[PDB]
file query15.cif (mmCIF, C-alpha atoms)
data_coords
loop_
_atom_site.group_PDB
_atom_site.id
_atom_site.type_symbol
_atom_site.label_atom_id
_atom_site.label_comp_id
_atom_site.auth_asym_id
_atom_site.auth_seq_id
_atom_site.Cartn_x
_atom_site.Cartn_y
_atom_site.Cartn_z
ATOM 1 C CA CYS F 3 11.062 26.028 -58.824
ATOM 2 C CA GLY F 4 13.858 23.661 -57.818
ATOM 3 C CA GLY F 5 14.712 21.080 -60.472
ATOM 4 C CA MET F 6 13.766 22.802 -63.724
ATOM 5 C CA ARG F 7 16.553 21.666 -66.044
ATOM 6 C CA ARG F 8 17.147 18.585 -63.897
ATOM 7 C CA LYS F 9 13.626 17.211 -64.298
ATOM 8 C CA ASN F 10 13.542 18.327 -67.930
ATOM 9 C CA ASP F 11 16.838 16.558 -68.591
ATOM 10 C CA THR F 12 15.605 13.315 -67.044
ATOM 11 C CA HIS F 13 12.370 13.649 -69.005
ATOM 12 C CA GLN F 14 14.176 13.970 -72.328
ATOM 13 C CA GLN F 15 16.485 11.090 -71.427
ATOM 14 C CA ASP F 16 13.640 8.793 -70.391
ATOM 15 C CA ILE F 17 11.644 9.918 -73.421
ATOM 16 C CA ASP F 18 14.250 9.620 -76.175
ATOM 17 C CA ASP F 19 15.259 6.346 -74.513
ATOM 18 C CA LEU F 20 11.717 4.983 -74.663
ATOM 19 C CA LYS F 21 11.341 5.830 -78.348
ATOM 20 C CA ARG F 22 14.665 4.118 -79.019
ATOM 21 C CA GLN F 23 13.535 0.959 -77.236
ATOM 22 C CA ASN F 24 10.071 0.996 -78.795
ATOM 23 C CA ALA F 25 11.673 1.595 -82.189
ATOM 24 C CA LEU F 26 13.848 -1.518 -82.116
ATOM 25 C CA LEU F 27 10.947 -3.378 -80.513
ATOM 26 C CA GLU F 28 8.298 -2.457 -83.086
ATOM 27 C CA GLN F 29 10.831 -2.884 -85.898
ATOM 28 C CA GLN F 30 11.277 -6.462 -84.684
ATOM 29 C CA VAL F 31 7.632 -7.010 -83.767
ATOM 30 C CA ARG F 32 6.532 -5.809 -87.203
ATOM 31 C CA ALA F 33 8.670 -8.474 -88.863
ATOM 32 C CA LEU F 34 7.314 -11.125 -86.503
ATOM 33 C CA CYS R 3 9.786 29.833 -64.192
ATOM 34 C CA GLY R 4 7.657 31.018 -67.106
ATOM 35 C CA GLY R 5 6.635 27.808 -68.861
ATOM 36 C CA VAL R 6 8.470 25.158 -66.853
ATOM 37 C CA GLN R 7 5.277 23.587 -65.519
ATOM 38 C CA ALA R 8 3.713 23.541 -68.981
ATOM 39 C CA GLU R 9 6.823 21.997 -70.524
ATOM 40 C CA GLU R 10 7.206 19.596 -67.605
ATOM 41 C CA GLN R 11 3.525 18.656 -67.681
ATOM 42 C CA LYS R 12 3.895 17.861 -71.377
ATOM 43 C CA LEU R 13 7.127 15.921 -70.903
ATOM 44 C CA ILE R 14 5.450 13.708 -68.308
ATOM 45 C CA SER R 15 2.310 13.059 -70.349
ATOM 46 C CA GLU R 16 4.470 12.524 -73.431
ATOM 47 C CA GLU R 17 6.799 10.172 -71.568
ATOM 48 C CA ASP R 18 3.910 8.250 -70.020
ATOM 49 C CA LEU R 19 2.440 7.881 -73.505
ATOM 50 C CA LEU R 20 5.566 6.112 -74.738
ATOM 51 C CA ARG R 21 5.552 3.974 -71.597
ATOM 52 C CA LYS R 22 2.066 2.713 -72.425
ATOM 53 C CA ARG R 23 3.261 1.744 -75.897
ATOM 54 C CA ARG R 24 6.350 0.043 -74.484
ATOM 55 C CA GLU R 25 4.073 -2.266 -72.503
ATOM 56 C CA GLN R 26 1.889 -3.112 -75.494
ATOM 57 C CA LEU R 27 4.926 -3.724 -77.695
ATOM 58 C CA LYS R 28 6.534 -5.876 -75.009
ATOM 59 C CA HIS R 29 3.235 -7.633 -74.322
ATOM 60 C CA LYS R 30 2.860 -8.837 -77.906
ATOM 61 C CA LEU R 31 6.511 -9.887 -77.847
ATOM 62 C CA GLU R 32 6.179 -11.606 -74.476
ATOM 63 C CA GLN R 33 2.813 -13.205 -75.220
ATOM 64 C CA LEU R 34 4.172 -14.372 -78.572
#
call {"tool": "encode", "arguments": {"input": "query15.cif", "output": "structure tokens"}}
result
Amino acid sequence: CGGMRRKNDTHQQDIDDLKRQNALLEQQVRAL
Amino acid sequence: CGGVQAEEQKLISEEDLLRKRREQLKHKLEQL
């Protein structure tokens, strides 16, 4: 395939990172 | 590769989904 674990790793990183950003964002947006 | 494409295809769609929310969350924060 080529970059199986590589792409998957980046996907998880970008993902989990997005949820973390959206979490703090929504948590602050909900209050405001 | 047995289910790399399936897992990758899901990771992308799942990641893109969070990206769409990140824009909406940031939009409401930026707009207000």
call {"tool": "resolve_selection", "arguments": {"input": "query15.cif", "expression": "the PyMOL selection byres ((chain R) within 8 of (chain F))", "output": "CSV table (one decimal) with C-alpha atoms, in the frame of the given file"}}
result
chain,number,residue,atom,x,y,z
R,3,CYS,CA,9.8,29.8,-64.2
R,6,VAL,CA,8.5,25.2,-66.9
R,10,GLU,CA,7.2,19.6,-67.6
R,13,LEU,CA,7.1,15.9,-70.9
R,14,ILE,CA,5.4,13.7,-68.3
R,16,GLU,CA,4.5,12.5,-73.4
R,17,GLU,CA,6.8,10.2,-71.6
R,20,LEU,CA,5.6,6.1,-74.7
R,21,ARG,CA,5.6,4.0,-71.6
R,23,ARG,CA,3.3,1.7,-75.9
R,24,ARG,CA,6.4,0.0,-74.5
R,27,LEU,CA,4.9,-3.7,-77.7
R,28,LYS,CA,6.5,-5.9,-75.0
R,30,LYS,CA,2.9,-8.8,-77.9
R,31,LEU,CA,6.5,-9.9,-77.8
call {"tool": "axis_aligned_box", "arguments": {"input": "query15.cif", "around": "segment 21-34 of chain F", "padding_each_side": "5 Å", "output": "lines of an AutoDock Vina configuration file"}}
result
center_x = 10.6
center_y = -2.6
center_z = -83.0
size_x = 18.1
size_y = 27.0
size_z = 21.6
call {"tool": "atom_distance", "arguments": {"input": "query15.cif", "atom1": "atom CA of residue 22 of chain F", "atom2": "atom CA of residue 5 of chain R"}}
result
27.0 Å
call {"tool": "atom_distance", "arguments": {"input": "query15.cif", "atom1": "atom CA of residue 33 of chain F", "atom2": "atom CA of residue 19 of chain R"}}
result
23.3 Å
call {"tool": "build_atoms", "arguments": {"input": "query15.cif", "residues": "segment 3-32 of chain R", "atoms": "N, CA and C atoms", "output": "mmCIF file, keeping the file's coordinate frame"}}
result
data_model
loop_
_atom_site.group_PDB
_atom_site.id
_atom_site.type_symbol
_atom_site.label_atom_id
_atom_site.label_comp_id
_atom_site.auth_asym_id
_atom_site.auth_seq_id
_atom_site.Cartn_x
_atom_site.Cartn_y
_atom_site.Cartn_z
ATOM 1 N N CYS R 3 10.441 30.802 -63.318
ATOM 2 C CA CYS R 3 9.786 29.833 -64.192
ATOM 3 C C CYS R 3 8.635 30.491 -64.946
ATOM 4 N N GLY R 4 8.700 30.426 -66.273
ATOM 5 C CA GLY R 4 7.657 31.018 -67.106
ATOM 6 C C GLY R 4 6.759 29.938 -67.698
ATOM 7 N N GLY R 5 7.384 28.908 -68.261
ATOM 8 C CA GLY R 5 6.635 27.808 -68.861
ATOM 9 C C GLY R 5 7.267 26.467 -68.508
ATOM 10 N N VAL R 6 7.830 26.390 -67.306
ATOM 11 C CA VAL R 6 8.470 25.158 -66.853
ATOM 12 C C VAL R 6 7.419 24.095 -66.549
ATOM 13 N N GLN R 7 6.353 24.511 -65.870
ATOM 14 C CA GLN R 7 5.277 23.587 -65.519
ATOM 15 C C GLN R 7 4.608 23.045 -66.778
ATOM 16 N N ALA R 8 4.352 23.938 -67.729
ATOM 17 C CA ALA R 8 3.713 23.541 -68.981
ATOM 18 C C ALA R 8 4.592 22.549 -69.735
ATOM 19 N N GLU R 9 5.880 22.868 -69.826
ATOM 20 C CA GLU R 9 6.823 21.997 -70.524
ATOM 21 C C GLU R 9 6.995 20.685 -69.766
ATOM 22 N N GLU R 10 7.044 20.782 -68.441
ATOM 23 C CA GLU R 10 7.206 19.596 -67.605
ATOM 24 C C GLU R 10 5.953 18.727 -67.669
ATOM 25 N N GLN R 11 4.794 19.377 -67.626
ATOM 26 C CA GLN R 11 3.525 18.656 -67.681
ATOM 27 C C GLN R 11 3.397 17.901 -68.999
ATOM 28 N N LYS R 12 3.951 18.485 -70.058
ATOM 29 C CA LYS R 12 3.895 17.861 -71.377
ATOM 30 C C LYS R 12 4.904 16.722 -71.471
ATOM 31 N N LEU R 13 6.077 16.936 -70.883
ATOM 32 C CA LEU R 13 7.127 15.921 -70.903
ATOM 33 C C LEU R 13 6.658 14.654 -70.194
ATOM 34 N N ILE R 14 5.958 14.841 -69.078
ATOM 35 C CA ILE R 14 5.450 13.708 -68.308
ATOM 36 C C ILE R 14 4.402 12.949 -69.116
ATOM 37 N N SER R 15 3.383 13.673 -69.571
ATOM 38 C CA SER R 15 2.310 13.059 -70.349
ATOM 39 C C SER R 15 2.866 12.404 -71.612
ATOM 40 N N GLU R 16 3.856 13.053 -72.216
ATOM 41 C CA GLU R 16 4.470 12.524 -73.431
ATOM 42 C C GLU R 16 5.279 11.271 -73.111
ATOM 43 N N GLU R 17 5.985 11.310 -71.984
ATOM 44 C CA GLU R 17 6.799 10.172 -71.568
ATOM 45 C C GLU R 17 5.907 8.995 -71.188
ATOM 46 N N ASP R 18 4.844 9.291 -70.445
ATOM 47 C CA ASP R 18 3.910 8.250 -70.020
ATOM 48 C C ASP R 18 3.258 7.595 -71.234
ATOM 49 N N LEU R 19 3.053 8.391 -72.281
ATOM 50 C CA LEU R 19 2.440 7.881 -73.505
ATOM 51 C C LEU R 19 3.320 6.798 -74.122
ATOM 52 N N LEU R 20 4.620 7.069 -74.174
ATOM 53 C CA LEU R 20 5.566 6.112 -74.738
ATOM 54 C C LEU R 20 5.651 4.872 -73.854
ATOM 55 N N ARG R 21 5.494 5.080 -72.548
ATOM 56 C CA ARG R 21 5.552 3.974 -71.597
ATOM 57 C C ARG R 21 4.409 2.997 -71.851
ATOM 58 N N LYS R 22 3.236 3.544 -72.158
ATOM 59 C CA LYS R 22 2.066 2.713 -72.425
ATOM 60 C C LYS R 22 2.290 1.867 -73.675
ATOM 61 N N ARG R 23 2.978 2.450 -74.651
ATOM 62 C CA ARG R 23 3.261 1.744 -75.897
ATOM 63 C C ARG R 23 4.329 0.678 -75.674
ATOM 64 N N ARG R 24 5.272 0.980 -74.786
ATOM 65 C CA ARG R 24 6.350 0.043 -74.484
ATOM 66 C C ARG R 24 5.784 -1.246 -73.894
ATOM 67 N N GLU R 25 4.707 -1.107 -73.125
ATOM 68 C CA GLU R 25 4.073 -2.266 -72.503
ATOM 69 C C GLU R 25 3.348 -3.102 -73.552
ATOM 70 N N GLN R 26 2.629 -2.423 -74.441
ATOM 71 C CA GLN R 26 1.889 -3.112 -75.494
ATOM 72 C C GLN R 26 2.850 -3.831 -76.436
ATOM 73 N N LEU R 27 3.931 -3.144 -76.796
ATOM 74 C CA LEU R 27 4.926 -3.724 -77.695
ATOM 75 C C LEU R 27 5.596 -4.926 -77.040
ATOM 76 N N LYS R 28 5.889 -4.794 -75.749
ATOM 77 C CA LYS R 28 6.534 -5.876 -75.009
ATOM 78 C C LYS R 28 5.544 -7.007 -74.750
ATOM 79 N N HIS R 29 4.277 -6.642 -74.577
ATOM 80 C CA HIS R 29 3.235 -7.633 -74.322
ATOM 81 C C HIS R 29 3.109 -8.591 -75.502
ATOM 82 N N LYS R 30 2.988 -8.024 -76.700
ATOM 83 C CA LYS R 30 2.860 -8.837 -77.906
ATOM 84 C C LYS R 30 4.102 -9.702 -78.100
ATOM 85 N N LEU R 31 5.252 -9.157 -77.716
ATOM 86 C CA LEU R 31 6.511 -9.887 -77.847
ATOM 87 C C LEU R 31 6.607 -10.976 -76.784
ATOM 88 N N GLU R 32 6.144 -10.651 -75.580
ATOM 89 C CA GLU R 32 6.179 -11.606 -74.476
ATOM 90 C C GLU R 32 5.125 -12.690 -74.677
#
